[PDB]
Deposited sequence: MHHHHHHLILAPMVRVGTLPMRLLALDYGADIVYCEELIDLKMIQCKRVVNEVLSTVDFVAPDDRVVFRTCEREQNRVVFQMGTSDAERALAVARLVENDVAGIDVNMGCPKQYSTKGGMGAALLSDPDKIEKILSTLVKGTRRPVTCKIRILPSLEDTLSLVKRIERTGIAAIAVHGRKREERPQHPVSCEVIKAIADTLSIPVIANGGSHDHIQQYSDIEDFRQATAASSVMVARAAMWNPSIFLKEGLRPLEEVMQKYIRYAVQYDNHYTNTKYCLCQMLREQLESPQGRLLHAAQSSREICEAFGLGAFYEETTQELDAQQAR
């Protein structure tokens, strides 16, 4: 039945994840974080923002989660070592609701994949998932997914495109169905934005077009997070202010906030609001551009009071 926010570098930081939950996503994946950064990290409870932060040696917050999403956030790591991957899982397993391993390079070596994943399943008590592209040959694709399954992972997400297949090329619902059918564990359909998904109801269509257990949406949610809302799309302005509010409440860095709003604006980047956003050099300026200066001064004061 599940609507899932797909993992997305830069986009899937905490504000977007909360925003996606508000509009009706059941599960939110975070951006890919690399094991080699995460293993340098320290877990720190931030009583000011009421978040759990994981901080790097240069004092940067690498990953930030919070109570509202603790039963729904899936942590995705990029990794090519089973011992390193377990170490990262151990660091976060208490503050997250699942561990995902990216595979779209790693996809080449099935042995390494098998090692990493079984180490995680035996290693943590959270549902281990993974996300793959499809192989150029269907026989191999089917072989791959079956090896991956017996490692005891909770589910698998299939981006129905082959490595080095450009996004313009249609997603192959047919292979995702093949996969979904063969395996005993849930399959998560992925790859259907723009082509199949422009409106909420399109998601269940895609579910059926692929026989999958659920649907994982990226670009469509990046363009308008209210794509998870069954009642229909919200006006982009309303969504963007909602986004900014979260971003200010959780002290998001303004370059990240700006990046996400640009992905939302797109064509409308040439409106005066868009030009103001492009030009912003701080969160204050981002809020000004959307009539949220009041909100910014008010929320900043409560936060800087520790």
| item | value |
| --- | --- |
| Parts of the chain sequence, as deposited, that carry no C-alpha coordinates in this structure | 1 to 5, 110 to 122, 325 to 327 |
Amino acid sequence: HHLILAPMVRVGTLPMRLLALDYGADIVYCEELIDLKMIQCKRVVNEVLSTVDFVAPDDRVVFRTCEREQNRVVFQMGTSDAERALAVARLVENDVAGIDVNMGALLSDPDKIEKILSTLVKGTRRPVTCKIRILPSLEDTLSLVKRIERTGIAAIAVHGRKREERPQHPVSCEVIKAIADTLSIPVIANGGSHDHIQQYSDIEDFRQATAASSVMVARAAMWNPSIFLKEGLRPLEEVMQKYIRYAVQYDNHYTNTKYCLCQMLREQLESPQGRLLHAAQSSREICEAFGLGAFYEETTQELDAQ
From here on, numbers count along this sequence of modelled residues.
property	result
Higher-scoring stretch by recorded Cα B factor average, 216 to 224 or 117 to 125	117 to 125
Stretch with the greater mean C-alpha B-factor as recorded in the entry, comparing 30 to 38 against 53 to 61	53 to 61
Given 142, 157, 73, 99, the residue at which the Cα B factor reaches its maximum	142
Lowest, middle or highest third - CA B-factor, residue 235	middle
Third of the chain, ranked by Cα B-factor, where residue 6 sits	lowest
Position of residue 196 among the chain's modelled residues by C-alpha B-factor, lowest, middle or highest third	highest
Entry-reported Cα temperature factor of residue 271, expressed as the chain third it lands in	middle
Third of the chain, ranked by Cα B-factor, where residue 184 sits	highest
